[PDB]
Number of protein chains: 2
Amino acid sequence: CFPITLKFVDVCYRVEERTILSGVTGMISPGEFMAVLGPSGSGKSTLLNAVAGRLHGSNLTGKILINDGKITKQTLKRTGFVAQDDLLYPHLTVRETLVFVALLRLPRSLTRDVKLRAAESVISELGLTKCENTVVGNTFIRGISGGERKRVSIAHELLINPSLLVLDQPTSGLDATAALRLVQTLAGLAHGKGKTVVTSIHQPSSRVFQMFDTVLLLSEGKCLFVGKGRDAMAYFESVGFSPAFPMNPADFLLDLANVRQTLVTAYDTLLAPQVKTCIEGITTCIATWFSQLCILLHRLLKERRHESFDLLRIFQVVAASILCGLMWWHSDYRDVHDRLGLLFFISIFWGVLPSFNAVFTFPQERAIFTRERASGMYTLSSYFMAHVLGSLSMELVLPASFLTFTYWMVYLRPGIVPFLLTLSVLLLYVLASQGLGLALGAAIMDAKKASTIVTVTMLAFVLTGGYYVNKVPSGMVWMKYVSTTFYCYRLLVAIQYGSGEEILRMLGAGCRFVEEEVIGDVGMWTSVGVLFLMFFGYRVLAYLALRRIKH
Amino acid sequence: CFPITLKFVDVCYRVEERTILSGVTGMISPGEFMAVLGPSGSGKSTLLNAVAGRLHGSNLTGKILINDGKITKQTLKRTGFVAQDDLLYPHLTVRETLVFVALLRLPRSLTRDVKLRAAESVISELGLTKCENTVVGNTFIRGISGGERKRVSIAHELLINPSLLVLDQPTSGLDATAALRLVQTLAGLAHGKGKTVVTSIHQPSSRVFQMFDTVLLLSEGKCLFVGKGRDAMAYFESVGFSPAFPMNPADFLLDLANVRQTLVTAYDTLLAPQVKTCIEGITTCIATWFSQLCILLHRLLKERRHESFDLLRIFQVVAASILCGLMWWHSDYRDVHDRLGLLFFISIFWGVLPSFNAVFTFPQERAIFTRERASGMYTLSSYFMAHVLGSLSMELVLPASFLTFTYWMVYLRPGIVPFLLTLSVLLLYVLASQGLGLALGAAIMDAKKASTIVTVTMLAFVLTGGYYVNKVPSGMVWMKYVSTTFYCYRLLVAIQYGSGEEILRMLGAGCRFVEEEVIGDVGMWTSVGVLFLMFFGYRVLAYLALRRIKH
Ligand SMILES: Nc1ncnc2c1ncn2[C@@H]1O[C@H](COP(=O)(O)OP(=O)(O)OP(=O)(O)O)[C@@H](O)[C@H]1O
Ligand SMILES: Nc1ncnc2c1ncn2[C@@H]1O[C@H](COP(=O)(O)OP(=O)(O)OP(=O)(O)O)[C@@H](O)[C@H]1O
Ligand SMILES: [Mg+2]
Ligand SMILES: [Mg+2]
């Protein structure tokens, strides 16, 4: 195994400017059980958060050390953290969640059956058998109780067996017997494997307290006692405070922490020097990536079973296509002005809808993305590829259904080849718009601040598309080459009306209008290549934005 | 005070089809303390919700009675329910939240100072003085700890002094001293005022257990013991179960609840018949409404001061206006085709933006709206008026800033009268679009499907705006009068270019074009009246949708 020793010296926290912690010092060796006790608001989820490395900035003072070294990402890979909040996927069951975690983080030198057995044994040990076939749920949908979600979160980190384990009040919400059994399991995990377990209990009983190895006492940002658990009562008796009647020691510790100045001075004069002196190949990556991508795809699809399946989308897009076809019923080839508006409207529709839809993806899952990123479940590239692969399963269906009706109701230029070319061009444009929407949604954390920005950006793209204005100023004409709607409209008009040499045949001012609204100054291959470039670049920018966010 | 006798008889709950509760009978008299004890997953919280009237449907059997009568809304007005989850406004402080509650619910016959004193005394009693000047926060922003949020939620209902008080594990997350103080406060509130208090503790100490009047024991959906707390040990000693060593009685109760069949049979044979036999002016409303509206407005603006105060919105709207003005730089009055498109684009912009920005208002606050509505803090009409009044403070600024630049960069028809008329028309149109967006967002409380539905509806409105198609089918002409963009565009063109008599001096095919795209078949007054009608109707439909949702 990998031993870990943990040290924190003169750690103080200042944010008004109030002090949350000050003058806390201590260590925990491997194979030692650490408790962080204190009254409510004394500071118990901030020391552990800083211990786990989840806190940064200039508000942190003192020195924190792991193996006489600074906190590193490789060290953080072996750290398990169980916080108070239960950030769980609502549409999965307990079995699926724990099996996914076990497949993801267990070593890749064992068969599937061994990992499944490990997950099942972990489920059975924690007493989760009864509700192992139920939806986890969340605050909105009806799922499991609050006492089982804590055990699920416990098993989320216990499945991997991290060398360093930090728990943030894991016994809150369970009865005496269940909490005692969980504490006994933690004690067996700490003593029987030489690991480093730090926990912050709040309401411990005498039986639970008796098996605790070391206890730290915090009183509103000040340390009061540290060392062996059995010596707390003796030390406080020697300092001048004695129980009037026999009672549980932890209650006395909390009462003393809840007079305070004398205890602080006595501790600072007695235990300060003793504590201050005692302290001094390549194919494997490919295989793992593909397996992880498969697992992520399965999880994403399982989540999307009850969300992505929406008959309303098809029943509305079909109605919109029928309305569009009826409005342009059998318009002939002669009126080029009437049929040029239909292509621009199609471009507006399929540049507005996917871009607006794609902005809701990353911010929706932001709540659990940080939680899964902090532990180090998988590299962000696998998640990005999983998302882009999952989206395309449903996204591409709508434009096909739209065109299948619109192209034949309006009776555009007959031919299978123009049909296929137009469909491919429209799908590429939709992909580019979705990529732009995803990038803009990833750039800004909130899902609603980015909504207005996306709306204004795509409306500016529509304005620059070239259909509205004709007398563009000479010095402000370059913006036409940036908008994604321009290339799609040019490709559609070039496909439908060729190069314009045919149009002048029937027509024999009109020639200038046809020349300016048909030929243009951009080629087909250039338009396709630039569309592909935009589709690559938007995903690249979204990946960079996702890389930027790290706590 | 108003006494309440609470009864539940043969309450069973069945949802796979797995039973959560079955054979639960009992009663609590005024001035009596009720406990719901049991292991994790025993269904105590479901029973607590059922007794509080928060559960409906055919899944509930048995009979529930209050004062020998069914649960009514007037009775629900006297009930204070606190659950495990803490639904609090993240951008408010403790003082502001509790003061708002005290002003909203305390009787309208006392001075402001008395209510403020009640709030301050409640704050001081619960030990919240130290952090009473901090932001409450949520999972995203840094606020108060999890141990103080529970006390805030407890005070949220303690400020009212309801006759019936139901608590769902209120002591989870606090130390021994804080838990003891809260339990003593609850005991004094129950015995000293003749109230009806039902709670479900999970990890009680002997001292806490000794002051509990009555205790009910649940074992995975089955009752095990009910009656006085002091007789809990004697009954199980008589039935044939005795602890080997002296220990806390609640631990023994949980162990027995955690063998089970014999206890169930003994309880069904012994204590069943005994319990079964024991079971058997006008101006005031106006004055209050305006004050409630004032408080709601203050809370809304306090919340929006940290979110709606975005300079990006103006910095982007002014940029879009500058781009629009540069695109149409000093276009003369001769080209009607180049100038009608600008008005249509303005209509598209100011229909798309507010409608899409008004779809997330209600779903965002849905999380707390149900919690506030269940208690009965205020009528829905006050909340609706508060929301519509708060929105207009910020919404109306954007169109004015847009027009101030666009109308004079393009140099439209000079004159203060056309400027004011078109500004009023644009403001009415943006209000109507915002109303439509609000109604659609209220109809479906999800922010995912509503966005797509609103986008498709607005795109259909744009298509039916009348700028794209010219050969409309005879049987496809009525829905022109349904879209709001049609009225907005007609008003804009009528204001800018008059009745068309003016255009024909220069006009002299073109005459038909001017007649069809200038005069139309709808009047100015009709357009304004129909716009006002739509503005009223959308808010009416939104109010109906908000009224519909009741758990
Ligand atoms: N719709 C459902 N279908 C199936 N099982 C359900 C359903 N809703 C709840 N359950 C299960 O029924 C049991 C009832 O739990 P409940 O929500 O009443 O919490 P509780 O008993 O108060 O527990 P705790 O003390 O651990 O918070 C749980 O095991 C829960 O997972
Ligand atoms: N940014 C901040 N500014 C001011 N005060 C803060 C800030 N963040 C936290 N606090 C306060 O500092 C104190 C430290 O609380 P902390 O987050 O450590 O919880 P805790 O002691 O583990 O709580 P509990 O044991 O009651 O669950 C709390 O009173 C909290 O409200
Ligand atoms: Mg904490
Ligand atoms: Mg519960």
# chains A, B, ... in the order shown; residues from 1 in each chain; ligands from 1
>>> residues_near_ligand(ligand="ligand 1", cutoff="8 Å", atoms="only C-alpha atoms and all ligand atoms", output="PyMOL selection string")
(chain A and resi 130-131+134-136+142-148+173-175) or (chain B and resi 15-20+38-47+202+220)
>>> residues_around(residues="region 381-396 of chain B", least_positions_apart="6", cutoff="8 Å", atoms="only C-alpha atoms", output="PDB file with C-alpha atoms, in the first residue's frame")
ATOM      1  CA  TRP B 289     -52.822  43.707  -0.038  1.00  0.00           C
ATOM      2  CA  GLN B 292     -47.935  42.665   1.169  1.00  0.00           C
ATOM      3  CA  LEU B 293     -47.149  43.926  -2.335  1.00  0.00           C
ATOM      4  CA  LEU B 296     -42.778  41.364  -1.923  1.00  0.00           C
ATOM      5  CA  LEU B 297     -41.404  44.167  -4.115  1.00  0.00           C
ATOM      6  CA  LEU B 300     -37.696  40.891  -5.185  1.00  0.00           C
ATOM      7  CA  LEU B 301     -35.522  43.961  -5.748  1.00  0.00           C
ATOM      8  CA  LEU B 427     -42.967  49.159 -25.673  1.00  0.00           C
ATOM      9  CA  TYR B 543     -52.245  33.418 -13.565  1.00  0.00           C
TER      10      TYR B 543
END
>>> select_by_dssp(residues="region 73-165 of chain A", states="helix (DSSP H, G or I)", output="ChimeraX atom specification")
/A:73-76,94-105,112-125,146-158
>>> write_last_selection(atoms="C-alpha atoms", output="short mmCIF file (atom, residue, chain, number, x, y, z; two decimals), in the first residue's frame")
data_model
loop_
_atom_site.label_atom_id
_atom_site.label_comp_id
_atom_site.auth_asym_id
_atom_site.auth_seq_id
_atom_site.Cartn_x
_atom_site.Cartn_y
_atom_site.Cartn_z
CA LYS A 73 -2.51 16.22 -8.21
CA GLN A 74 -0.96 12.75 -7.95
CA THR A 75 -1.47 12.91 -4.18
CA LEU A 76 -5.04 14.12 -4.72
CA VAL A 94 -28.05 2.39 -6.60
CA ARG A 95 -26.80 -0.70 -8.44
CA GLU A 96 -26.11 1.18 -11.68
CA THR A 97 -24.35 4.06 -9.91
CA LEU A 98 -22.05 1.87 -7.83
CA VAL A 99 -21.37 -0.53 -10.72
CA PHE A 100 -20.43 2.40 -12.97
CA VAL A 101 -18.03 3.72 -10.32
CA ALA A 102 -16.52 0.27 -9.79
CA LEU A 103 -16.01 -0.23 -13.53
CA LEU A 104 -14.52 3.25 -13.88
CA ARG A 105 -11.96 3.35 -11.08
CA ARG A 112 -15.93 -7.82 -15.22
CA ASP A 113 -17.21 -10.47 -12.79
CA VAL A 114 -14.67 -9.50 -10.12
CA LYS A 115 -15.67 -5.83 -10.26
CA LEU A 116 -19.36 -6.74 -10.19
CA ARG A 117 -18.73 -8.96 -7.16
CA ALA A 118 -16.87 -6.12 -5.42
CA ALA A 119 -19.77 -3.74 -6.07
CA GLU A 120 -22.37 -6.27 -4.90
CA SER A 121 -20.42 -7.12 -1.74
CA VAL A 122 -20.00 -3.41 -0.95
CA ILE A 123 -23.75 -2.93 -1.43
CA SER A 124 -24.59 -5.90 0.80
CA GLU A 125 -22.17 -4.91 3.58
CA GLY A 146 -32.17 10.83 3.03
CA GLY A 147 -30.68 8.10 5.22
CA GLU A 148 -29.91 5.82 2.28
CA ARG A 149 -28.39 8.54 0.09
CA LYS A 150 -25.70 9.09 2.72
CA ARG A 151 -24.81 5.38 2.62
CA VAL A 152 -24.77 5.50 -1.19
CA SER A 153 -22.35 8.44 -1.02
CA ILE A 154 -20.24 6.49 1.50
CA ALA A 155 -20.07 3.51 -0.88
CA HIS A 156 -19.22 5.92 -3.72
CA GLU A 157 -15.80 6.47 -2.11
CA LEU A 158 -15.43 3.19 -0.20
#
>>> residues_around(residues="residue 487 (chain A)", least_positions_apart="2", cutoff="8 Å", atoms="only C-alpha atoms", output="PyMOL selection string")
chain A and resi 483-485+489-491+527-528+531
>>> select_by_dssp(residues="region 167-382 of chain A", states="strand (DSSP E)", output="MDAnalysis selection string")
chainID A and resid 167 196:199 214:218 223:225
>>> residues_around(residues="residue 91 (chain B)", least_positions_apart="2", cutoff="8 Å", atoms="only C-alpha atoms", output="number ranges by chain")
B: 89, 93, 135-137, 302-303, 306
>>> closest_residue(among="B:177, B:5, B:308, B:375", to="residue 255 (chain A)", atoms="only C-alpha atoms")
B:177
>>> residues_around(residues="region 469-476 of chain B", least_positions_apart="2", cutoff="8 Å", atoms="only C-alpha atoms", output="list in words")
residues 326, 327, 328, 329, 338 and 341 of chain A; 466, 467, 478 and 479 of chain B
>>> residues_around(residues="residue 374 (chain A)", least_positions_apart="5", cutoff="9 Å", atoms="only C-alpha atoms", output="ChimeraX atom specification")
/A:54,76-77,369,550-551
>>> residues_around(residues="residue 2 (chain A)", least_positions_apart="3", cutoff="9 Å", atoms="only C-alpha atoms", output="list in words")
residues 78, 163 and 195 of chain A
>>> closest_residue(among="A:421, A:524, A:55, A:495", to="chain B", atoms="only C-alpha atoms")
A:55
>>> atom_distance(atom1="CA of residue 90 (chain B)", atom2="CA of residue 368 (chain B)")
11.1 Å
>>> closest_residue(among="B:372, B:132, B:85, B:268", to="chain A", atoms="only C-alpha atoms")
B:85
>>> closest_residue(among="B:496, B:25, B:401, B:452", to="residue 339 (chain B)", atoms="only C-alpha atoms")
B:496
>>> closest_residue(among="A:360, A:408, A:501, A:4", to="residue 330 (chain A)", atoms="only C-alpha atoms")
A:408
>>> closest_residue(among="A:65, A:270, A:477, A:430", to="chain B", atoms="only C-alpha atoms")
A:477
>>> atom_distance(atom1="CA of residue 410 (chain A)", atom2="CA of residue 334 (chain A)")
13.7 Å
>>> decode(residues="region 56-69 of chain A", atoms="N, CA and C atoms", output="CSV table (one decimal), in the first residue's frame")
chain,number,residue,atom,x,y,z
A,56,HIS,N,-8.6,27.0,-1.9
A,56,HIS,CA,-7.4,27.7,-2.4
A,56,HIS,C,-7.5,29.2,-2.1
A,57,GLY,N,-6.7,30.0,-2.7
A,57,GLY,CA,-6.7,31.5,-2.5
A,57,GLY,C,-5.8,31.9,-1.4
A,58,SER,N,-5.8,33.3,-1.2
A,58,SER,CA,-4.9,33.9,-0.2
A,58,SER,C,-5.6,33.9,1.2
A,59,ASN,N,-6.8,33.4,1.3
A,59,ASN,CA,-7.5,33.3,2.6
A,59,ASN,C,-6.9,32.2,3.5
A,60,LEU,N,-6.1,31.3,2.9
A,60,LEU,CA,-5.5,30.2,3.7
A,60,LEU,C,-4.1,30.5,4.1
A,61,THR,N,-3.8,30.5,5.3
A,61,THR,CA,-2.4,30.6,5.9
A,61,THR,C,-2.0,29.3,6.5
A,62,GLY,N,-0.8,29.3,7.1
A,62,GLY,CA,-0.2,28.1,7.7
A,62,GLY,C,0.4,27.2,6.6
A,63,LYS,N,0.9,26.1,7.0
A,63,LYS,CA,1.5,25.1,6.1
A,63,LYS,C,0.8,23.8,6.2
A,64,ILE,N,0.4,23.2,5.1
A,64,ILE,CA,-0.2,21.9,5.0
A,64,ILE,C,0.8,20.9,4.3
A,65,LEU,N,1.0,19.7,4.8
A,65,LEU,CA,2.0,18.8,4.3
A,65,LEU,C,1.4,17.4,4.2
A,66,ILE,N,1.7,16.7,3.1
A,66,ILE,CA,1.4,15.3,3.0
A,66,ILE,C,2.8,14.6,2.6
A,67,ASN,N,3.2,13.7,3.4
A,67,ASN,CA,4.5,13.0,3.3
A,67,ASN,C,5.6,14.0,3.3
A,68,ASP,N,5.5,15.0,4.1
A,68,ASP,CA,6.5,16.1,4.2
A,68,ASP,C,6.6,16.8,2.9
A,69,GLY,N,5.5,17.0,2.2
A,69,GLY,CA,5.5,17.6,0.9
A,69,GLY,C,4.2,18.4,0.6
